[PDB]
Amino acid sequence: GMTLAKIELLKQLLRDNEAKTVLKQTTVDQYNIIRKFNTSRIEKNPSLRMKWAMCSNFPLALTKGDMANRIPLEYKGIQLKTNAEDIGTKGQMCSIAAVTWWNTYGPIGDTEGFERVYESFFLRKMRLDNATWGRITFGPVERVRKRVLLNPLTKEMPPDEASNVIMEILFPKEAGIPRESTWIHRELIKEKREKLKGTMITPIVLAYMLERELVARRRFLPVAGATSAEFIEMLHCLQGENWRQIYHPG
């Protein structure tokens, strides 16, 4: 249980009258508003800014916590991070070298269930790895701009229905009033609960991946021949206006 810690934090917050009035005057609806309150400003030229930022000493912001503190201040003369804190994260700012240090000498985390979480992406790779390629021919190709399914799905649903399913899988206590969907997809829900049981990956990341394999992406593309998603995902390699490439997916 983390319950008692939460309560102590809540009591802590209410000592600060500013935070107290916020929690009192702000409706649950209005959480969605104050969540997005910050000094930041939508960057109109990110490509420029990034090339500029990557030339500064400490362009990154760390999460405040113990894991951040495991990164040393410096490493063999290199300043990995600074004592000055980021306005947003309130944690130390750091160099891009800090990322490289972490990936070289940082703590070795647990990746159990990773392949089950990103099962969707690994199935792409498996379809490619096990595919066989036929001939490539040159000649005119008549392409028609059709709406087609870009990615194969576990089970296609409307966005709403999929969202409800994801609530039953990840956040059952907050799922609200039961739906017909909960019953129809009960076997899907059960199976995902099993697969995602041990993972320490953030629930929001899990929600994103569940969304990729439930919510269809149907877009207009110039296509010829098969329009099945296991072909469309490879469409860039299958054909042009002037050529054909035979492809047998795995």
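Don't overthink the numbering: it's just position in the shown sequence, from 1.
Higher mean CA temperature factor, per the PDB entry, when comparing 134-142 with 91-99: 134-142. Stretches 55-63 and 212-220 differ in mean C-alpha B factor, with the higher average recorded for 212-220.
Listed residues 188, 33, 50, 206 were ranked by CA B-factor as deposited; 188 comes out on top. The residue among 104, 163, 154, 79 whose C-alpha atom has the highest B-factor in the PDB entry is 154. For residue 168, the recorded CA temperature factor ranks within the middle third of the chain's modelled residues. Split the chain's modelled residues into thirds by C-alpha temperature factor. Residue 127 is in the lowest one. In the PDB entry, residue 115 places in the lowest third of its chain by CA B-factor. In this PDB entry, the Cα temperature factor of residue 10 sits in the middle third of its chain's modelled residues.
For residue 226, the recorded CA temperature factor ranks within the highest third of the chain's modelled residues.
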